[PDB]
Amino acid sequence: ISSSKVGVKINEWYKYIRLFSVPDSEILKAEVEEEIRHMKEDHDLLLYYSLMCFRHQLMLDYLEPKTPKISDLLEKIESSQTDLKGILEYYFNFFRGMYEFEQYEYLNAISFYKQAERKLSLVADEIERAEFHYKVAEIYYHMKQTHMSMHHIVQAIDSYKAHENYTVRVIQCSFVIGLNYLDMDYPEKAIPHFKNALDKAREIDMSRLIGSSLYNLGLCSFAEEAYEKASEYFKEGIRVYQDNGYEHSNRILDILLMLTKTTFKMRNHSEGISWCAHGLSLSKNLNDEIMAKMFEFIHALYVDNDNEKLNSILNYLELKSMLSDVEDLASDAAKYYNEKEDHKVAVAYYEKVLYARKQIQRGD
């Protein structure tokens, strides 16, 4: 029957996906699709194949953003979900959680991740467990669950650093670690990890990783209120993203948002509006409603003083389960209004900061 022959090739396929080896991953994708052709109707093997195709696509889109094959692969994967068991059930929940995170579906992604976490003792490969620990630490950071994100990211970075050639994941883990130290107001303890990632990103010549390193470095200077140095980090990050075929990635909007916020705080009103312009039009073109709403908040704050639109956006982001952006944006409004000596409305946004922090603290 040679059902294990397809089984071993799909596992090898997964190994090359984690190594970010597109040539090897494409070779084995073709090998599996030729073996699948002359094979009995094994529903678990076909579901295993469909899951790895979904994982293979997640790697490609990460390296080449969409100018949707993901949706068709998701439909076939969600056609047989009963009678699942063993490591295949782990792969199903874990991969679905990865997809939900890409769709800003945080509550669904957490739920999928926690189901995959229950079957972690079925994962003998330490590298595969490092993939899980990194991905669960990533979403915990975006939830500003710092202690849980640190608990998982240390387990991931140690397993990755034990092996070699997982350098891409090593850069990404350096992002998570430093960004956790940043959330704890330790920018001095975060710049080492980001400069570490920037160095190794320049070695493998990974343009978006270089830009993400510049973006995370600019977030440190922003925390230190080194707005000039922060804007320069943001500028070069937008430059490397655009100069290497990443100007259509949703993640460049994060850099545009901070650069708009930074130049506004530098009292460079004129330059700031043209930055908020480019960011909000690009958010509309990429159909990213969440990033567009964040640019609306910046425009309503520094340009319009439309506090009702500010409140509705903060309420929108809370229903989006993005309480950290609720805190960051309400903190932006509180400082600006307190600087403008409008202490009446500045109190109300300081209260919203306190509200978001308590909600973040509630956790589960």
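Residue numbers here begin at 1 and follow the sequence given.
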Over the set of other compared entries for this protein, does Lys29 lack coordinates in at least a third of them?
no
At least a third of the other compared entries leaving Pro65 unmodelled, is that the case?
no
How many residues that are in the deposited sequence but not in the model lie between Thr67 and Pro68: none, 1 to 3, 4 to 9, or 10 or more?
4 to 9
Entry B factor averaged over C-alpha atoms, 171-179 against 69-77: higher for 69-77
Quick note on 334-342 and 54-62: per-entry mean CA temperature factor is higher in 334-342
Kindly indicate the residue among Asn108, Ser231, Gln155, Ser149 with the greatest C-alpha B-factor in the PDB record.
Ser231
Can you pull the Cα B-factors for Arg96, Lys114, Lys265, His133 from the entry and say which is highest?
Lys265
Third of the chain's Cα B-factor distribution that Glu34 belongs to, per the entry:
highest
Can you tell me which third, lowest, middle or highest, the CA B-factor of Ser324 falls into for its chain?
lowest
CA B-factor ranking of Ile360, expressed as a third of its chain
lowest
Please say which third, lowest, middle or highest, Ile87 falls into when its CA temperature factor is compared across its chain.
lowest
Quick check for you: using the entry's CA B-factors within this chain, is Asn244 in the lowest, middle or highest third?
highest
